[PDB]
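We begin with a single chain expressed as structure tokens, specifically the form solved without its partner chain.
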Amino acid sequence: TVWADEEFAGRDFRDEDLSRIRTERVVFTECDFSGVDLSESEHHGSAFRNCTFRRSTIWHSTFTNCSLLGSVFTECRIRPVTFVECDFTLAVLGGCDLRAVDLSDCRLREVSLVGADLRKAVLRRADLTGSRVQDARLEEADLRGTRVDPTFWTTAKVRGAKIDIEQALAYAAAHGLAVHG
């Protein structure tokens, strides 16, 4: 099954089997995917706007150039997964297991990552500004090139994280050091 160049709104998909579906430039607006099986699905240029993925399974899926704007992923089985240049603006990933997930070059503005596990995640050249990272585990994550709020450095658990020069300067300043030069 392949869905292409079309739009679905307010649809109830609860506990449906959508395993191995392909979408190309499909828009899902306010759809309920609670408990749905999306195992091994594949999405190219598609959009999931304010959709609910509570207790759904999206593992083994591939999303390229997709939007997840405002969608909710509480207790979603995500990993392993492939995200290529995706937009997660305002998505809720609180408490999600994202260990060793690659979100390089992804937009993660104002995302909720409260209590999210991102240990050893690859977050290179991402944008995390406005994100809520209370109790987020970023130990040994690769953050190089990623834009973060100063508050990120005093909120997220970043021991062992790989950072660049600009991030190191920002880390010191966020801890109240007056950095000169």
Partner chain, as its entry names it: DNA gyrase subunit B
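Positions refer to the first chain, counted from 1.
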Tell me which stretch has the larger mean Cα B-factor in this entry, 15 to 23 or 162 to 170. 15 to 23
Of 92 to 100 vs 105 to 113, the stretch with the larger average CA B-factor in the entry is 105 to 113
Taking the Cα B-factors listed in the entry, which of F152, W59, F28, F63 comes out highest? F28
Check the PDB entry and point out which of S41, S131, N50, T146 has the largest C-alpha temperature factor. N50
Taking the C-alpha B-factors as the PDB entry records them, is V122 in the lowest, middle or highest third of its chain? lowest
Within-chain third of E140 by Cα B-factor, per the entry: lowest
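Note that the form solved in complex with its partner chain isn't included here; everything after this is about it.
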Would you please decide whether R107 lies within 4.5 angstroms of its partner chain in the deposited bound form, comparing each non-hydrogen atom pair? yes
May I ask you to state whether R25 is within 4.5 Å of its partner chain in the deposited bound form, using heavy atom distances? yes
Should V114 be counted as a contact of its partner chain in the deposited bound form, where contact means heavy atoms within 4.5 Å? no
Looking at the partner-bound form in the deposited bound form, is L90 within 4.5 Å of its partner chain by any heavy atom? yes
Would its partner chain in the deposited bound form be within 4.5 angstroms of a non-hydrogen atom of every residue among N50, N65 and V72? yes
Counting non-hydrogen atoms within 4.5 angstroms of its partner chain in the deposited bound form, say which of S131, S46, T146, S61 makes the cut. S46
